[PDB]
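Engineer: Take a look and give me a structure for this.
(2 chains, ligands or ions: 5)
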Amino acid sequence: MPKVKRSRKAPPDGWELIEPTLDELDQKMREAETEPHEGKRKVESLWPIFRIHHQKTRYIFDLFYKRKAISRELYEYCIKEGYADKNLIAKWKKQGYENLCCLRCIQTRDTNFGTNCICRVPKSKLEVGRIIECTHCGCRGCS
RNA sequence: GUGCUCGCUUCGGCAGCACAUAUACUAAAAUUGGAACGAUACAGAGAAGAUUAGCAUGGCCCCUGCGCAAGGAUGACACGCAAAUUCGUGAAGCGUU
Ligand SMILES: [Mg+2]
Ligand SMILES: [Mg+2]
Ligand SMILES: [Zn+2]
Ligand SMILES: [Zn+2]
Ligand SMILES: [Zn+2]
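Structural biologist: Numbering: from 1, shown residues only, chains lettered A, B, ... in the order given. Ligands and ions are numbered 1, 2, ... in the order given. Sharing the structure here:
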């Protein structure tokens, strides 16, 4: 039933209170995963996945660093069991990147010129506010 | 948006400085047009008397095949062929009478 777990050992003792939100988010990700490809779009059908991923990982980032309500061993375990995302967290550590939409939208190779996608640009630089949903994430102005 | 100014300065905002910087055939679309070796239906097989094995040449003809192999009715099509030429036409120049 759960994210059937490879480590075979006991999850530490702070795991049962992060359990319910984690699971419900997981069943949620399964529903957003199954939501089937109607006249929806093709480029826009992966956006919910990056929502829920960012959400999972922002949750565990709260329950470690912002509240200090989890042991670091349980933390690395929740990294290893796919509930968290190592590289999202590792960027979120940086200065300008608090609200990173996903890890790709800063991958410069995915664009022709080797620059980040406009998702990264602050809203002040535009000053015109034409609504932009970044192709990769679907995000609207992460930072 | 995060943070720091022994910032105005309370815990509000505002300020300032630091960091963070530019995706995209933008379309779920909308047109636009050839073909399917499918019926149909016609049509209907090289060489000399007859029945027939092929291997080629040629070129805006292709198909199956990894193929520089092999096959496809000898894969098909090649089917007027022109031409100079035996003697004259005339035309125009250069010299002779
Ligand atoms: Mg042959
Ligand atoms: Mg032939
Ligand atoms: Zn963004
Ligand atoms: Zn983006
Ligand atoms: Zn994004």
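Engineer: hey, let's count contacts and neighbours off CA atoms from now on
Structural biologist: Fine.
Engineer: in what helix or strand does the residue most central in space within chain A lie?
Structural biologist: Closest residue to the average C-alpha location of chain A: residue A:54 at 1.7 Å, with C-alpha atoms, centre = their mean. Assigned by DSSP states H and E, residue A:54 belongs to helix A:47-61.
Engineer: ok, residues contacting stretch A:72-88?
Structural biologist: Stretch A:72-88 is contacted from outside by A:3, A:5-7, A:11-15, A:22, A:56-57, A:60, A:64, A:100, A:102-103, using C-alpha atoms under 8 Å, 6 or more residues apart in numbering.
Engineer: quick one: which of those residues sit in helices?
Structural biologist: Those of the contacts of stretch A:72-88 mapping onto helices are A:15, A:22, A:56, A:57, A:60, per DSSP state H.
Engineer: okay, these in JSON lines with distance to ligand 5 next?
Structural biologist: As requested, these are exported to JSON lines (distance: C-alpha to the ion, whole Å):
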{"residue": "A:15", "distance to ligand 5": "30"}
{"residue": "A:22", "distance to ligand 5": "22"}
{"residue": "A:56", "distance to ligand 5": "15"}
{"residue": "A:57", "distance to ligand 5": "14"}
{"residue": "A:60", "distance to ligand 5": "19"}
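Engineer: ok, so of those residues, who is nearest residue A:91?
Structural biologist: Closest to residue A:91 out of these is residue A:57 (11.9 Å), distances taken as C-alpha to C-alpha.
Engineer: thought the closest one was touching residue A:89?
Structural biologist: Yes. Contact criterion C-alpha atoms under 8 Å: residue A:57 and residue A:89 qualify, at 7.4 Å.
Engineer: near ligand 5, which residues of chain A?
Structural biologist: Contact residues (C-alpha under 5 Å from the ion) of chain A with ligand 5: A:101, A:102, A:105, A:137, A:139.
Engineer: if we go to 8 Å?
Structural biologist: Within reach of ligand 5 by C-alpha under 8 Å from the ion, chain A has these residues: A:50, A:100-105, A:119, A:134-140, A:142.
Engineer: Filter the residues you listed down to the buried ones.
Structural biologist: The neighbour-count test (16 or more other C-alpha atoms under 10 Å) marks A:50, A:100-103, A:105, A:119, A:134, A:136-139, A:142 as buried among these.
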